[PDB]
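>>> compute the structure for the input listed below.
(chains A, B, C, D and E, ligands or ions: 5)
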Amino acid sequence: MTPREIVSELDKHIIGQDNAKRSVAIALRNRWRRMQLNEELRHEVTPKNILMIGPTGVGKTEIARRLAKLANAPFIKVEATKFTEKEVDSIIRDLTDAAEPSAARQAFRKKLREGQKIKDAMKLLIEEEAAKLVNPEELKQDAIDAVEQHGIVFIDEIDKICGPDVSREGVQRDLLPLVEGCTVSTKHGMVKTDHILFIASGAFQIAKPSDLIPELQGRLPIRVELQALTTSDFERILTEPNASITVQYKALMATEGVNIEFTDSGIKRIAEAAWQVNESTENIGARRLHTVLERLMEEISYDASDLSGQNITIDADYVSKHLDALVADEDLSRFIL
Amino acid sequence: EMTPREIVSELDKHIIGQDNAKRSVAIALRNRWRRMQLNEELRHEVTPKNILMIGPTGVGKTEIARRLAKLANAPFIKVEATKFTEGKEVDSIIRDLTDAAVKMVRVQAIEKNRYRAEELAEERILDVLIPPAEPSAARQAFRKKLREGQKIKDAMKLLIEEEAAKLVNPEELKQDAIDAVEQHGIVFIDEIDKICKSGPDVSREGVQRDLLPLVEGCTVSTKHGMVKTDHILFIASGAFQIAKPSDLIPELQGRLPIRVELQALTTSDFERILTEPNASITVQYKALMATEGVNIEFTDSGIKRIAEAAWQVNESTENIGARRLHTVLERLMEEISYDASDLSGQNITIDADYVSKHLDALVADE
Amino acid sequence: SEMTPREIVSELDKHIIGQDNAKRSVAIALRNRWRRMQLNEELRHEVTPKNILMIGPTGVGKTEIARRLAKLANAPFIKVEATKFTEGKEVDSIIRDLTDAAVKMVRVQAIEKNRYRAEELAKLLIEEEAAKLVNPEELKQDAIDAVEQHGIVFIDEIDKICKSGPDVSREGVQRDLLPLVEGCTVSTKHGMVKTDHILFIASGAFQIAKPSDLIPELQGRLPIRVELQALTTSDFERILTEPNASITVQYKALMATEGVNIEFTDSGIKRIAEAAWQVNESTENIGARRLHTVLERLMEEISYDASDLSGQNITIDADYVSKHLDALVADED
Amino acid sequence: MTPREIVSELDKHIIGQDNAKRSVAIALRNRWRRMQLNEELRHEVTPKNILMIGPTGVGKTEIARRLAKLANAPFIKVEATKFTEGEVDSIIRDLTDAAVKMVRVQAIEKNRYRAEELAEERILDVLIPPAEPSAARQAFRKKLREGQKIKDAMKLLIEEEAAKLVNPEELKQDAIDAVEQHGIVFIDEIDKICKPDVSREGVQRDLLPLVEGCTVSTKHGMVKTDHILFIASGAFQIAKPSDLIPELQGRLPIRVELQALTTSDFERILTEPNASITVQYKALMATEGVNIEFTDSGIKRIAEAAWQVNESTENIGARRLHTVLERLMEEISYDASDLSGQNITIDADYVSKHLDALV
Amino acid sequence: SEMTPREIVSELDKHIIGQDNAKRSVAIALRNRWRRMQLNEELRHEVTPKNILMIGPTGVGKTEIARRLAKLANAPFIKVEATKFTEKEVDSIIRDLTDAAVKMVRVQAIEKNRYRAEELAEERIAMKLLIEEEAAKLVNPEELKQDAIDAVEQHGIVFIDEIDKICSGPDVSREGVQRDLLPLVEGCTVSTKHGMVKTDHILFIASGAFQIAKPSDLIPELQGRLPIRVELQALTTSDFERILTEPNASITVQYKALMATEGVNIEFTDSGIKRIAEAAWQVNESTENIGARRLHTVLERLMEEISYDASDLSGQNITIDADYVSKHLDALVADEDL
Ligand SMILES: Nc1ncnc2c1ncn2[C@@H]1O[C@H](COP(=O)(O)OP(=O)(O)O)[C@@H](O)[C@H]1O
Ligand SMILES: Nc1ncnc2c1ncn2[C@@H]1O[C@H](COP(=O)(O)OP(=O)(O)O)[C@@H](O)[C@H]1O
Ligand SMILES: Nc1ncnc2c1ncn2[C@@H]1O[C@H](COP(=O)(O)OP(=O)(O)O)[C@@H](O)[C@H]1O
Ligand SMILES: Nc1ncnc2c1ncn2[C@@H]1O[C@H](COP(=O)(O)OP(=O)(O)O)[C@@H](O)[C@H]1O
Ligand SMILES: Nc1ncnc2c1ncn2[C@@H]1O[C@H](COP(=O)(O)OP(=O)(O)O)[C@@H](O)[C@H]1O
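Numbering: from 1, shown residues only, chains lettered A, B, ... in the order given. Ligands and ions are numbered 1, 2, ... in the order given. Dropping the coordinates below:
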């Protein structure tokens, strides 16, 4: 896939944040560009690591998740603060763990596909045949090739490791061999980290990327800042993305025989509700949309069974009825939303 | 496939009141069945709607989670969030959850083997009495004397093992507990409010970051197998009097879409809890004293003054919720529970005068 | 066991002196065990053991009641100091060490059975026959049933884990203990054990703190409460003689081994109890444990010469007690 | 052994400290008295533990060492401060490991006799193959005992025969019986864990199950601590035994204070004890062909030298005698090879010559 | 070995220069080993090794005496830094010692196998595979793995460096290490995968500068387990000149044979050696005194140009003279910052 083909696929899931989509696409394209090179340059070239920057919940992780899911690559998210108190080599360990017929012959074959120890026996042959078809030395060694060639690692909240300054910067030095390249031992095999791609992310409000150790700053060639989502983006996130949470709730109630429909003004007042809570108390980003939506739909989701065969409409009046009383009280909103 | 009203109606048989918490947990369990009906793509994108219970201790937050999992026959575990402040790894939650799912699926599988094994064990022991060369007449004549009762007597126990071992399938069982954990698993994290936010704030919020992969989804290794946490349901609870859910790390606040506050229990609810729930503690004491041949009966005014006694202690000193009912009842019944052997064949009646006699002197002194 | 609660206390009176309320409280818990088994399938799960919290000064027999109670029921038993977990070891070790005691308990008891049949069918033959007679799956699984059904655990000095820095570590131990009483499942090399029906006995002086200082989930898991009274001088005189295999009876048979006959006068027993009481008041009160230190100091001269005194009848009188003791009791230093 | 026989044997090694000798003798004698009792009392009776008290180096440990060596019992010395940092159960584990090597080497001593007889009968079969002892059978038995792969083969038969004679289930289980019935443990510097007060008293609670009785798992087997005897020791100048936790104070029924050694005690310790350090240096130089002899005034000035150092700097007790003696004899001990066939005399003038400049 | 104490010192003089008191002290300990075996069954248990405490500034040869002493006795040896345990279990000392004794007795057993195997392999005949099968056929593992245990228990030697640094907060952890070391000297038994070893008869050598602390600051139980005390003197400029040449396989002799490998012949003038010792002394006085270790840093700095060109210099005879030493050094010794 060309870099524009990657961004266009990411637009199907993430909304906006095109600069982060363009930056990740360059890294994945360099993978294919490297394989076309000669024996010497393939060793000298190393992945272009990315450092995402921005407030929480704007989709930094989702880009890394959909990117690895787009490439079918191994992926893991690790909190950098986990190591302030486990060995750093566990990152690669957990990454590898995630990585002509007779007439009676047809007459019985028909009754078999139609359905029918006998019934238990069909399941045991799937194991014996799939084991006979599978190649374990080509499989356990494939996950190693999938990690080494295609592997991806997302390091969240890297800005928080910038008394404590020795332990904080000590985690950076422990992370250093993985990016500069090294070899880690695992029960599944011996993995090399040279060509693994990495994505670090942090708000960087307390610290700056310059505060990172110099050896780490040079191993993160690509830098990108992700913009904060607005109320208008909340309305888009509720609907536009494939399998959006509103589409999920609609199909969920459809299973009960109920038909949910959201008005544009009803969607607009949900985004306004999630925005008010982030401003009134604490800003969690687009994550607030999930808490507000379930609070609005809790009465329908409970009653949907008796509501089978009915068409429910979520309007602006319905949103204000179940929400504005909760959003008006900030003491309650921190608990309930 | 129970509908959400069927879930609360079942929960009303045990928990009293707290309907909003019942409605909230029912929505999460129903989304499980609603997800399976969806297509291949949506089943991955949809994730469990996690709940945050809030309220004073002892109002039934855990009992809702306990009866909900018991209602679904799902694996369940309660974990204290403060255990990780000191230390143990956070991954142990899934490990201990699978160990409960293993024993759960195993004992339930024994319930299946308990039947078939007795039939195959009988056919084995009849081969020694009537060796083979429609059941034979002597085959039934011995089969009758066997069921009537009778090394020989030890032999029937050994065949239950060999037959249940011959009947059990370990690859469908140990892999069943994994499917029970991944699909149906439930985890209750008590006192999550105590890990909210300088020195402790790093160790407190560090536990939140350690918990983060389990809710965002991850893979944990266990001796029983490799489990994925993506579809596991979680229930966090806390009083949140010192802190508020907004004090939680932002990645955690968005992984708890459903929030509910549980109301403080009243004196009237205490009277209902003593009697109304199936196998209520009063019914338990009644059958226990029946074992000794004694008949316990509680008057409505006697039940009313026990609930008033437990309420006064929670207000006079510390409010433990409905847990106070257990301490008060045993203190009232301790004299009968000691004498029940000698009281066999007698009808004892717990009245308002009896409750005040054994209690009011104790409740009067804080 | 089907013993009625009065039969339990009467058996406990053979060892412990006084503290009847603690005896009555433990008997109710053991009787509820037999009462539960007669119930139906539903109530047997809902009913849970009535846990007891002993309260009182050290050395008044809190542990002995739990020890003799488990010994009376032939149940597995373990004593654990709650402060051990302040530093560290996992709390689940309680069930692990309990099963290890239950394993050795059911094994040595199973040896007593195979001891009989193997001698008929038969040192080497005792092993082959007992192995031929034993069914290890009924034994290692018996200790599990003995722990789950009959198990008992005594948690000493629980008052010291009550409630800023230590209060987190102190109350943290309470939360770690919480699953065991509320019920849970612990994995052991011997098997998988469930804690739902295990009985527990917590004890503490509670002079610094109070049971109300315990976490609320823990206060509701200890339905039965009892306070143990301080021992008097008269109880010391009873402890010296009345209990089966009392320390005076132990010294008598010990000297009987050497051919010597010890006999204690009532006034001689009376002045030993007065001696142990004065030391507890003059310096520090250790409870009935003082009786052990005072008696050995009195008998050290007889115990030393007992070989040469074979064939003699020695009498411990009030004059003998004052001769070897009062000079020592007079100096508190 | 009766308690007077124990103290009299202890006097052959330790000098003075009779009260500590009388106290340890009562504990070892209660062991034999318990076995003679009935089934019930043998369980109820528990060892009478001892708490030694006094300044360092006065022989507290030597009493425990010679006591266990007198009883052939397993023994271990453990520093209580080792657990301040970090498990207490290792005490029983290391105790059994010493008991394993103790019973094993002692079992080799038994097989040492019979195996030489059976090994000789094996080696005579190759020299005198069989078709009253034969003429050549004795003729080779004589040349064999006179001395002579051949020479290597006699060692291999000692293993096969000692293995054929030994019963390992009676051995690894014997060390367990030696630990449970006869075991002894010396806990040095117990006073330093008295009321850090949480970590100090926490070690006491960790030690509590071992004295109150418990069961510890080991690779060699499962051991019970109920009947093991223990000896705790401490200077108790900073703290007192009353500062110990109450459950620990009642598990130490016997208390004894050991007196500080005097200059007169030093002179006795140098000579009177069996295999005293002066006797050791004498036999060592005798190996080189030299004769050491110490004058009474020369012994008197060595004791005065060790006393002055303990007073002038730090008092280490009788341990000072070892450092002073080796410093005096270092010139002889080096030259002992060339001094063979000579009689050296250690006099007061010799002691002052090599020492007083240092003191 | 039956060597007398003077024979031990005379052999030590072939390697170490001076420090005769430390040589006499170590010789008395090794001789007591042979003196003990001649005693009866009783005295052999009661007598215990006379442990030594070396004292002096760093680099004066405290370790070299312990190394050459064990190498002289063919005994197992290990050097352990006492500060390693301030933060591993102390029992690892005996474990690592047995691991050195295992490889010591094994390679030495190969020296007996290297000969016989070649004869039996010739009779069989691939030549490399038969050395294994024959050496495995000739080797006795129960006499070997048990030999290293006898070598550790009877002949074992341990050197504990910088013991003076373990003499309120650190004082507990510092003195805690002493108590952990105490059982090893008083005698004990340690479990190892190779077997069960007893420490009663092992000899130990502790060393420290003792400028911050004194041996009296050691715990009393440890002071009595170190009967022999010796102080090692600081090396002079004249001693540096001797250390460069006199000792067998001296660093000057090592550099000469190294350049001989390239076909070059190195020769040092007496004045050239004299100006090397003067160079190392000036650095120790001008900045920090590291002892004789300064000789290694100065020599390699002087010879770095020859060591670089030695390939192209094959067949040539080099002479290190006073003019050559001053040319490559005095400019560096001048500037103390460099
Ligand atoms: N641009 C976006 N498109 C789709 N979903 C989003 C977007 N931004 C946030 N989300 C939702 O909010 C959550 C974002 O969390 P995460 O990406 O881990 O935070 P961050 O991006 O700060 O690392 C995800 O669960 C995701 O479903
Ligand atoms: N509504 C209720 N119905 C029935 N029992 C209750 C109720 N509330 C509390 N209880 C009893 O009190 C205890 C509640 O403890 P728990 O539910 O763990 O506290 P919380 O709800 O604060 O987490 C349980 O043992 C339960 O038997
Ligand atoms: N009432 C009693 N009857 C018999 N022995 C007693 C009694 N009280 C104390 N003892 C003796 O004193 C000791 C009591 O210790 P323990 O019971 O552990 O203390 P606590 O009761 O405070 O937990 C035991 O060794 C026991 O032999
Ligand atoms: N009374 C004594 N008799 C013989 N040797 C003694 C005596 N007192 C001390 N020693 C010697 O001094 C050392 C005493 O150390 P130790 O007994 O461990 O000290 P403590 O008695 O304070 O525990 C031993 O090496 C021992 O040889
Ligand atoms: N007297 C000496 N004879 C020979 N070499 C010595 C001498 N003194 C020091 N050395 C050399 O210097 C180094 C001394 O280090 P070491 O002996 O470990 O120091 P220390 O003696 O302080 O323990 C060794 O590498 C050794 O080669």
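>>> pretty sure residue A:47 contacts residue A:30?
Yes. Using Cβ atoms under 8 Å, residue A:47 is in contact with residue A:30, at 6.9 Å. (Each C-beta comes from the backbone N, C-alpha and C, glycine too.)
>>> quick one, which of those two is more surrounded?
Taking neighbours as other Cβ atoms under 10 Å in any protein chain shown, residue A:47 and residue A:30 compare with residue A:47 leading, 21 against 17.
>>> that's a helix at the more buried one, yeah?
No. Under DSSP: H, G, I helix; E, B strand; the rest coil, residue A:47 falls outside any helix and is assigned coil.
>>> what comes up buried for stretch A:284-302?
For stretch A:284-302, a neighbour-count test (16 or more other Cβ atoms under 10 Å in any protein chain shown) marks A:284-298, A:300-302 as buried.
>>> and that stretch, how far from the chain's centre?
Remark: stretch A:284-302 is offset 20 Å from the chain centroid, using Cα atoms, centre = their mean, to the nearest Å.
>>> can you tell me the closest non-neighbouring residue to the residue of chain A found nearest chain B?
Chain B sits closest to residue A:287 of chain A, with a gap of 2.2 Å, by Cβ to the nearest Cβ. Among residues not flanking residue A:287 along the chain, residue B:254 sits closest, at 2.2 Å (Cβ to Cβ, 6 or more residues apart in numbering or on different chains).
>>> so that neighbour is in contact with residue A:288, correct?
Yes. If you go by Cβ under 8 Å, residue B:254 and residue A:288 touch, sitting 6.8 Å apart.
>>> which secondary structure state is assigned to residue A:115?
Once three-state DSSP is applied, residue A:115 turns out coil.
>>> and for it, the neighbour number?
If we define neighbours as other Cβ under 10 Å, then residue A:115 has 6 of them.
>>> now the helices: where do they sit in the stretch 101-250 of chain A?
Secondary structure of the stretch 101-250 of chain A by DSSP state H, counting those that start in this stretch: the helices cover A:103-113, A:121-133, A:136-150, A:164-180, A:214-217, A:231-239, A:245-255.
>>> which of those helices sits most buried?
Mean neighbours per residue, mean count of other Cβ atoms under 10 Å in any protein chain shown, is largest over those for helix A:245-255, with a mean of 20.
>>> hmm, that one in reach of ligand 1?
No. If you take Cβ under 6 Å from any ligand atom as the test, helix A:245-255 misses ligand 1, and the best it gets is 8.1 Å.
>>> please save the CA atoms from the helix or strand following that helix in PDB.
As assigned by DSSP states H and E, the chain's next helix or strand after helix A:245-255 is strand A:259-262. Output of strand A:259-262 as PDB, limited to C-alpha atoms (Å, rounded to 0.1, in the frame of the first residue of the first chain):
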ATOM      1  CA  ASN A 259     -35.300   0.300  15.700                       C
ATOM      2  CA  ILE A 260     -33.200   3.100  17.100                       C
ATOM      3  CA  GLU A 261     -32.800   6.400  15.200                       C
ATOM      4  CA  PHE A 262     -30.800   9.500  16.300                       C
END
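>>> just name whatever secondary elements strand A:259-262 is in contact with.
Where contact means 3 or more Cβ pairs under 8 Å, 6 or more residues apart in numbering or on different chains; DSSP states H and E, strand A:259-262 is packed against helix A:245-255, strand A:311-314.
>>> which residues does that strand contact?
By Cβ atoms under 8 Å, 6 or more residues apart in numbering or on different chains, the residues outside strand A:259-262 that reach it are A:238-239, A:246, A:249-250, A:253-254, A:300, A:310-314.
>>> switch the cut-off to 6 Å
A:246, A:250, A:253, A:311-314 (Cβ atoms under 6 Å, 6 or more residues apart in numbering or on different chains).
>>> ligand 3 versus residue A:13, what's the distance?
64 Å (Cβ to the nearest ligand atom, to the nearest Å).
>>> no no, residue A:11
If you measure residue A:11 against ligand 3 using Cβ to the nearest ligand atom, the figure is 71 Å.
>>> likewise for residue A:232?
70 Å.
>>> ditto for residue A:321
63 Å.
>>> do residue A:335 as well
45 Å.
>>> and residue A:188, how many residues sit next to it?
When neighbours are counted by other Cβ under 10 Å, residue A:188 comes out with 15.
>>> what does it show for phi and psi?
phi -70, psi -20 (degrees, to the nearest 10).
>>> I'd say it and residue A:95 touch.
No. Judged on Cβ atoms under 6 Å, residue A:188 makes no contact with residue A:95 at a distance of 10.5 Å.
>>> how about the stretch 151-300 of chain A: which residue is closest to chain C?
residue A:163 (17.8 Å).
>>> what does the stretch 201-337 of chain A give?
residue A:335 (20.3 Å).
>>> tell me which element that residue is part of?
Here residue A:335 is assigned to helix A:330-336, by DSSP H and E.
>>> next one: residue A:14
Residue A:14 belongs to no helix or strand, assigned by DSSP H and E.
>>> next: residue A:321.
Residue A:321 belongs to helix A:316-322, assigned by DSSP H and E.
>>> counting contacts, what elements does that helix pack onto?
Contacting helix A:316-322 under the criterion 3 or more Cβ pairs under 6 Å, 6 or more residues apart in numbering or on different chains; DSSP states H and E are the following elements: helix A:264-280.
>>> buried stuff in the helix it packs on?
A:266-278, A:280.
>>> over to stretch A:30-49?
A:30-31, A:34, A:46-49.
>>> identify the farthest-apart pair in those residues.
Pairwise distances across the buried residues of stretch A:30-49 peak at 14.3 Å for A:34 and A:49 (criterion: Cβ to Cβ).
>>> rewinding a little: so which of the helices and strands packed on strand A:259-262 gets nearest ligand 5?
Ligand 5 lies closest to helix A:245-255 among the helices and strands packed on strand A:259-262, at 70.5 Å (Cβ to the nearest ligand atom).
>>> contacting residues around the closest one?
Outside helix A:245-255, the residues that reach it (Cβ under 6 Å, 6+ apart) are A:238-239, A:260, A:262, A:293, A:297, A:304, B:34, B:37-38, B:46.
>>> wait, which of these is closest to ligand 4?
residue B:46 (72.1 Å).
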